[PDB]
Amino acid sequence: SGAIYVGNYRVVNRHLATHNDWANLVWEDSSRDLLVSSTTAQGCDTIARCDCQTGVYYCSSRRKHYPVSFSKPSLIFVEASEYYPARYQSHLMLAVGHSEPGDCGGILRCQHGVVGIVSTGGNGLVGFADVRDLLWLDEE
Ligand SMILES: Cn1nc(C(=O)NCCc2ccc(S(C)(=O)=O)cc2)c2ccccc21
Ligand SMILES: [Zn+2]
């Protein structure tokens with residue numbers, strides 16, 4: 001679990017969004033595993049605006065933050081896991097690292113701020129849903 005709190009927005013994994021998130025929906029895209037809802041209180045996170053390929057991510061299944069190199073956001077075939085079937089996911093970045101389903105929502109960050117959130121994993125890779133192209137998170 002986990003979310004990004006930027007301005008009056010809450011960014012979560014679409015597959016983990018709550019009824020309150022859907023009832024206060026700003027934007028969602030199933031192909032990216034992202035959902036954005038509106039909040040009453042403002043948040044403290046800053047979104048990175050950059051093309052970094054190195055950063056640090058939080059892994060809840062290890063209680064640890066790990067430094068990683070990751071690929072640029074791409075359309076990737078995600079293999080079937082125990083709870084979800086094989087499917088294509090867009091704006092996804094991959095790194096070599098540990099992840100389990102419950103790690104989704106952990107932040108990946110670079111020197112410029114939040115890059116994305118853990119969204120996929122398996123075969124020793126962790127995938128992050130990018131948020132750096134969502135420029136509107138910075139206003140209104
Ligand atoms: C980190 N990590 N995550 C997963 C995982 O299954 N994520 C769900 C991926 C997912 C995205 C979008 C939808 S949608 C919006 O199309 O319904 C459903 C599912 C995973 C598995 C195995 C090891 C690691 C893992
Ligand atoms: Zn950066």
Side-chain angles (χ1 to χ4, degrees):
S1 65
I4 306 165
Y5 293 97
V6 52
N8 285 269
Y9 298 125
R10 164 170 142 99
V11 186
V12 293
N13 297 94
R14 188 182 183 281
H15 74 280
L16 303 178
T18 71
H19 164 76
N20 186 68
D21 287 322
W22 280 100
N24 291 281
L25 183 62
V26 173
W27 169 84
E28 56 84 26
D29 186 336
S30 59
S31 69
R32 295 178 70 141
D33 190 31
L34 289 182
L35 182 149
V36 180
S37 62
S38 62
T39 62
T40 62
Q42 275 193 248
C44 297
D45 296 314
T46 294
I47 307 299
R49 301 295 178 199
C50 72
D51 64 358
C52 290
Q53 286 186 257
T54 64
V56 172
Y57 82 106
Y58 180 61
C59 176
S60 75
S61 67
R62 296 285 181 272
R63 296 186 180 117
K64 278 202 193 48
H65 295 257
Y66 291 109
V68 287
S69 298
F70 54 90
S71 63
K72 294 179 168 186
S74 322
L75 174 66
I76 298 296
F77 197 60
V78 178
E79 201 48 75
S81 68
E82 179 163 21
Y83 300 106
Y84 289 101
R87 49 177 277 285
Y88 274 100
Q89 177 160 325
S90 64
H91 298 266
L92 184 70
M93 301 170 291
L94 297 166
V96 174
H98 180 70
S99 69
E100 294 181 42
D103 287 328
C104 285
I107 282 173
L108 171 64
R109 64 181 75 241
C110 67
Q111 75 177 83
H112 306 103
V114 173
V115 174
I117 51 174
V118 174
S119 175
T120 73
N123 283 333
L125 305 169
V126 52
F128 310 95
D130 184 56
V131 299
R132 292 179 292 184
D133 66 319
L134 302 177
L135 311 185
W136 54 265
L137 287 171
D138 293 346
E139 61 208 355
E140 145 116 13

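When a residue number appears, it is its place in the shown sequence, counting from 1.
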Quick check on the hydrophobic clustering: are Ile47 and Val12 connected, directly or via other members, by side-chain heavy-atom contacts under 4.5 Å? no
The test is side-chain contact (heavy atoms from CB on, under 4.5 Å); show your working for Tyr57 and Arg109 and say whether it passes. CA-CA 6 Å; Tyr57 82 106; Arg109 64 181 75 241; over 6 Å; no
From CA spacing to verdict: side chain to side chain donor-acceptor pair (under 3.5 Å), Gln89, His91: CA-CA 7 Å; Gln89 177 160 325; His91 298 266; over 6 Å; no
For the side chain to side chain contact (heavy atoms under 4.5 Å, CB included) test, which of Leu125, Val115, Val126, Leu94 pairs with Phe70? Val115
Hey, mind stepping through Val114 and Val11 against side-chain contact (heavy atoms from CB on, under 4.5 Å) and telling me if it holds? CA-CA 11 Å; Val114 173; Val11 186; over 6 Å; no
Value for OG (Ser119) from CG (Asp103), rounded to nearest 0.5 Å, stands at 12.0 Å
Enter the distance from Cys59:SG to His98:NE2 here, rounded to the nearest 0.5 Å. 5.0 Å
Provide the closest heavy-atom pair for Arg49 versus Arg132 in the form atom of the first, atom of the second, distance. NH1-O, 2.7 Å
Whether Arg87 and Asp33 form a salt bridge (side-chain N of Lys/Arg under 4.0 Å from carboxylate O of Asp/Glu) is what I want to check. no
Least distance between heavy atoms, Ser69 atom then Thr54 atom: OG-CG2, 3.9 Å
Would you please test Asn24 and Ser37 for side chain to side chain donor-acceptor pair (under 3.5 Å) and show each step? CA-CA 5 Å; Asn24 291 281; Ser37 62; over 6 Å; no
Distance col, row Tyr88:OH vs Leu75:CG, nearest 0.5 angstrom, shows 7.0 Å
Nearest non-hydrogen partners of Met93 and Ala129, listed with the distance: CE-C, 4.3 Å
Given the rule that I, L, V, M, F, W and Y join up when any side-chain heavy atoms are under 4.5 Å apart, are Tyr66 and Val118 in one cluster? yes
Roughly how far, to the nearest 0.5 Å, is CG of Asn8 from OG1 of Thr40? 8.0 Å
If every non-hydrogen atom of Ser30 is compared with every non-hydrogen atom of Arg14, which pair is closest and at what distance? CA-CD, 3.4 Å
Okay, side chain of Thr39, backbone of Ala41: is any donor-acceptor separation there less than 3.5 Å? yes
Side chain to side chain contact (heavy atoms under 4.5 Å, CB included), paired with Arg32, selected from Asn13, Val131, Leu134: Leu134
Between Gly102 and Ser60 the two heavy atoms that sit nearest each other are O-OG, 3.5 Å
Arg10 bridged to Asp21 by N-O distance under 4.0 Å: yes
CZ of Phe77: more than 12 outside heavy atoms within 6.0 angstrom? yes
Going from CD1 on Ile107 to CD1 on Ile4, what distance comes out if it is rounded to the nearest 0.5 angstrom? 5.5 Å
Determine, stepwise, if the pair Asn20 / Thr18 fulfils side chain to side chain donor-acceptor pair (under 3.5 Å). CA-CA 5 Å; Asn20 186 68; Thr18 71; 5.1 Å; no
Testing the basics here: between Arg63 and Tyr58, what is the closest heavy-atom pair and its distance to 0.1 Å? CA-OH, 3.7 Å
Do NZ/NE/NH1/NH2 and the carboxylate oxygens of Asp130 and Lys72 come within less than 4.0 Å? no
Distance from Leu137 atom CG to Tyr9 atom OH, nearest 0.5 Å? 7.0 Å
